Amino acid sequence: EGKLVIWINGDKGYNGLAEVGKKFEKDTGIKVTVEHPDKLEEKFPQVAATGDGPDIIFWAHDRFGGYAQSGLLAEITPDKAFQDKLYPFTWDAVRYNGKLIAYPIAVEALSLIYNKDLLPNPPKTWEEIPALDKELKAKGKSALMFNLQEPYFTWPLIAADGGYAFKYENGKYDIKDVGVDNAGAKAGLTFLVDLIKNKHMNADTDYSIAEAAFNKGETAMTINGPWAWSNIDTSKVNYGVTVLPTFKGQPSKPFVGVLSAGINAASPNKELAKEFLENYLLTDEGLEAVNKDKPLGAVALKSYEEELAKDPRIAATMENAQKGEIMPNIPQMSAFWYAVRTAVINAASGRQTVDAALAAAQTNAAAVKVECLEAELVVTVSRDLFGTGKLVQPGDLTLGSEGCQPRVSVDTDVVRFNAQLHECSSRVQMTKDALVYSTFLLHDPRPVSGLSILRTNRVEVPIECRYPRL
């Protein structure tokens, strides 16, 4: 106590935020340490639960609903005055069960970035790209390259024809109705898989690779957010930020993220944190510092938002955001992201059919929660697997092959597997960055007693853990 530790992703303007801390230390004498750990969104909950963790954590609003439910977040109490300074849309994003849990910072959205010396006219539709690629392939270039390793980037396409995360009905989200295995999704994803089959794109393409490609002018287009602009400005590439291409006449639907800053419920400096955020970061001078390092896009503060609205890049950001859908901040979000992530990855690698991959993503997102530990794996399965109300039995569930002998625990609503990674991995591989331990969870009620007909209750989902190669 007597300082502030802050966590924020590595792709954000952490250097600018540390400057806002440099000022905060000068005026109050309290030192601010800004950190940018990898997987900090998965790590925060882990440390915060043990009383530890940073004072302030930065991330899109979608994670904070889970945090608040786990009791890891202190409630924020800004007065009516301070509230008027921020847009009502941004406050809604950080509200869970009728409470304010974090401070809205900026509004993010994925935009289409093109290099106009290469491509004066950006494609208005996705379909135009397969052909536009052949033309560029002719002169040692590629049409499009972006991060295929994160569902955040490929979702805008999948969600175009009618893909959605959770059905919002009657004023609430139905965590059992997930729209990832419908025709709209399959369409979007199928198109993406085709691109990789057509070799118009590489399945192993991730953030840095797509960044370096576009920044070195090796590709005409890329998809990314405001934070990316800083590095593209330094590469002195004549680029442009425009609306995302439409898929089958329908516009791409990106998830709208609202960069938020929460306060650790176990943080001893709650008052100090409230000061820094309200009275140092959320001001014209504070947001300016960060924005300069890495663009925040459309800031939540009305005063500094209007000053940046002139920027055509921000305008295109807002346009895509307008055509997109705000992320739910419900705790089931993480399950959703994992489900989709695994889906896209398996499909793109041709390891699964689009129809199968999105089928498993359906179950995963609804019924399954995977937790990856150092040498250990935890899989939690909803007993109401199908949503029929008929609870499955533990003996019917099976993790991995015969060698996998996990410790099985059974609650009223769940069945939990604790498995050793070494014992339970059916498949291991290496990516640019990652070691991937993979396995499957299986529900096989058979042999059954009655005549199994219509819908089959044999379900198999992918269980995967990805670890950074250091």
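So that there is no doubt, residue numbering starts at 1 and follows the sequence shown.
Engineer: Would you mind checking whether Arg446 is unresolved in the model of at least a third of the other PDB entries compared?
Structural biologist: Across the compared entries, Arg446 is left out in at least a third.
Engineer: Relative to the other PDB entries of this protein in the set, is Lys12 coordinate-less in at least a third?
Structural biologist: Across the other compared entries, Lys12 is absent from none.
Engineer: Quick check: 220-228 versus 78-86, which has the larger average CA B-factor in the record?
Structural biologist: The recorded data point to 78-86.
Engineer: In the PDB record, does 232-240 or 359-367 carry the higher mean Cα temperature factor?
Structural biologist: So the stretch with the higher mean C-alpha B-factor is 232-240.
Engineer: Reading the B-factor column of the entry, which of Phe255, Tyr338, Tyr304, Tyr103 has the highest value at its C-alpha atom?
Structural biologist: Highest CA B-factor of the listed options: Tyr304.
Engineer: According to the Cα B-factor stored in this entry, which of the following is highest: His422, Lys39, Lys26, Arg63?
Structural biologist: In the PDB entry, the greatest C-alpha B-factor among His422, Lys39, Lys26, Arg63 is found at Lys26.
Engineer: Using the B-factors in the PDB entry, rank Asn329's C-alpha atom against the chain and give the third, lowest, middle or highest.
Structural biologist: It belongs to the lowest third of the chain when residues are ordered by C-alpha B-factor.
Engineer: If you rank the chain by CA B-factor, which third does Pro462 end up in: lowest, middle or highest?
Structural biologist: Its C-alpha B-factor, which the entry lists for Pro462, ranks in the lowest third among residues of this chain.
Engineer: Select lowest, middle or highest to describe the third in which the CA B-factor of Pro445 falls within its chain in this entry.
Structural biologist: CA B-factor rank for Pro445: highest third.
Engineer: Using only modelled residues of the chain, where does the Cα B factor of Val34 rank: lowest third, middle third or highest third?
Structural biologist: Ranked within chain, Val34 CA B lands in the middle tercile.
Engineer: Taking the C-alpha B-factors as the PDB entry records them, is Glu376 in the lowest, middle or highest third of its chain?
Structural biologist: Its C-alpha B-factor, which the entry lists for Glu376, ranks in the lowest third among residues of this chain.
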